[PDB]
């Protein structure tokens, strides 16, 4: 029960509770693979008419999201049945999936949408959303079945089920200017700004074009939809990579955007444009119960403080889900669900104001991270990451804790703890970068544990990791590394109440030589009640070869 508390239930297609006459994939950790990229590292392949996967509802549902893979450059249907009776068709498509690179150019993952000579397809899964005209009770058999006229083949990865309430009306037509078939979002906002009795705008159920960046100014503005399944803001879908959404000027600090969805038209990553909400320096803004897809990011804060992002769904983006940078402090990032981000799902990048401080990243779920980490913290002071669920990273840790500057002006970690408290990390880690001349070499890449503690070129200190379960990480549970030649001494690094279950290589790795010119870790870390269970090779690697690093076994360690 770690992570976000969402109204939808997620059921893996391959669950043993699901009858099927299709083909259940054996798991692997390979990017560019229909198993490796699936939630749970497996899917059920339906490849003939009449092949099905049968789900059983554990909670009532009238609405469904099917994560699936179909052929490149295709659209079509797959059928849904309730208790053996056909009830509709999902619109399945690869419009937003299939991003191309090569095994040695994973730095391009997400950027390049066109197939080409010698190029491998990655980011193979996408989603289909469907609402049915009845609430089906728990115990209903919901069958996904490939009938005549459906797509030639489909990998079924998981099903979201949800009991969606009826749409919520305009809270008060005399205070919220309604968008309508003949009144645009921009026109409603102009009416709002020019009449001080208005609190904001209401966007009814429907599909509403957002073909521009919509600027909020004048004063604090409320933007209220009917619910994310009902109010859909849609980037022009015959265009691609249009920078649309909202941009909140300082005059509109204190605004609220809630209860709606935003459907972008990005088909690859672009660096600069592409955040659904822009709000450089924004303060006291609330973004609540919105569902956003196919943007580069939901939000990328820049000295943005005292904001609240709550109850949101961030799916299938081309870079970070939410990042808060360059002084962003005292933000509440609470109870958000991310799946399929294109870079760090939830991130905090501290830079020069000296540190990002006082942020609370709580009750967060980040899964199917298509590049980089589920959670990432780059420097900062007095920031909390609490009750996290991360799973199924393609290329990188579940949690990155790093004092590398990336060339920006930053002091690294500060004098108050950065705390990871309560986290479950399932099948996290992966391959990235290169390992030429590396120690402990198993392939052409650097190899990443579920949690990466990386001392870079800035101070690495005051890190507390506690109450973490790490299940079946690709390679390692905890991976400690110091950048040479800087050799920053890690101080006050403590690990408490951690279970590392079935890591394929080591429970703990102290990186001895990541690549040519690099050396072992500097400083130390303490371990209290850290259990390593059934490691593939050994509980800990690198201790005897890291003479500048002290492992302190306080108590309760079985290694």
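Residue numbers count along the first chain shown, from 1.
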Counting only residues of the deposited sequence, how many between residue 105 and residue 106 have no atoms in the entry (none, 1 to 3, 4 to 9, 10 or more)?
-> none
As stated in the PDB record, which stretch has the larger average Cα B-factor, 179-187 or 223-231?
-> 179-187
When the C-alpha temperature factors are averaged for each of 235-243 and 192-200, which stretch ends up with the higher value in the entry?
-> 192-200
From 510, 514, 490, 44, residue of greatest CA B-factor = 514
From 118, 342, 273, 397, which pick has the Cα B-factor that tops the rest in the entry?
-> 118
Select lowest, middle or highest to describe the third in which the CA B-factor of residue 218 falls within its chain in this entry.
-> highest
Third of the chain, ranked by Cα B-factor, where residue 298 sits = lowest
For residue 410, the third of its chain into which the C-alpha B factor falls = highest
Residue 258 CA temperature factor, ranked by third within the chain | lowest
Ranked against its chain, the third holding the CA B-factor of residue 539 | highest
